[PDB]
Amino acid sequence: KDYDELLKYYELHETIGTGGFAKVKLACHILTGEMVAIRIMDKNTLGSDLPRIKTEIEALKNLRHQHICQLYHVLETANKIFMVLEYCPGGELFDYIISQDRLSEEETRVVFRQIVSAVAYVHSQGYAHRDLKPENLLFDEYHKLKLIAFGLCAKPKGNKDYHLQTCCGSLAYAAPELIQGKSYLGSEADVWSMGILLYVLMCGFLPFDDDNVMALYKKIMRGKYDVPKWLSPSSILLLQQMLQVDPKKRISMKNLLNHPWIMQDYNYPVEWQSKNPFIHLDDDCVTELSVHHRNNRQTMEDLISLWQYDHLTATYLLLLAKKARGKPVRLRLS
């Protein structure tokens, strides 16, 4: 059984999403009693995608940001790969919307600034997302966005350095050239997707939408959309600057960060740099672990620092999160 190794660190809970690429189960990390989400993949099912899944994980390991969903633990079995991630109760973007017909300009600005923060960080690390959509946008118990920075939807193709949108669900949020599989400079692809998001937040429907798939396909490639009466000029403008069929004509991140629409109620640009980066080990978390590991501090630190996203790394991070909730930094041992 592949689960035996996992089952000694976690007890399972009712599944959250069947989804395409991975089953996702809600779970309890035994040592800390904290909730986590676990992504379960089947290596035999994934087959040829497995190499890419591994590089996507390597990418995720290098992301530590206030609006990126945190990775805790990666466990590999003969047949399975388990990803353990921060759990986000608020649910997906529209689980968090509360089904309200649409958000006001200031209501969307609050959310949208967080999306910009997350994506800017990702780009700063030298990656593009290439699959920004509502189900990749979760909300934690504080109603802060946590982006899922991991996916198999957008994939590289060809001898050239091109990317292709693979998930037909993602279509309405995907840039034209990405859909065509002629996307290089994928970061521009991301600016397009946020434009779509921006539109939906303020309007309560998509700018390009059709039951027919070719029809929807064509509307996107053509780039024309309705502009509701209730959108402000500023809103409308920012939309135009993002929703450009020509990738080269889409607003740059740099100009997005400090856009007048973006700065309008805040008078400071999006703060996209990691506010919680890994500088030094938190002493309390270390003392707690060494109590449990029955060892000395330096030894304990050196061990955490290997930072293998093993059960140790997960335990460290969950204790860390506990301190941040203002909870006791304690383990469940005994």
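Numbers follow the displayed sequence, beginning with 1.
- If you average the C-alpha B-factors over 209-217 and over 253-261, the higher value belongs to 209-217.
- Stretches compared: 154-162, 123-131. Higher mean C-alpha B-factor in the entry: 154-162.
- When the C-alpha B-factors of 199, 94, 192, 139 are ranked from the entry, the top spot goes to 94.
- Looking at the C-alpha B-factors along this chain, the one for residue 52 belongs to the highest third.
- Remark: residue 88 belongs to the lowest third of its chain, ranked by C-alpha B-factor as recorded.
- Ranked by C-alpha B-factor against the other modelled residues of its chain, residue 297 falls in the middle third.
- In the PDB entry, a CA B factor belonging to the highest third of its chain's modelled residues is recorded for residue 101.
- Looking at the C-alpha B-factors along this chain, the one for residue 311 belongs to the lowest third.
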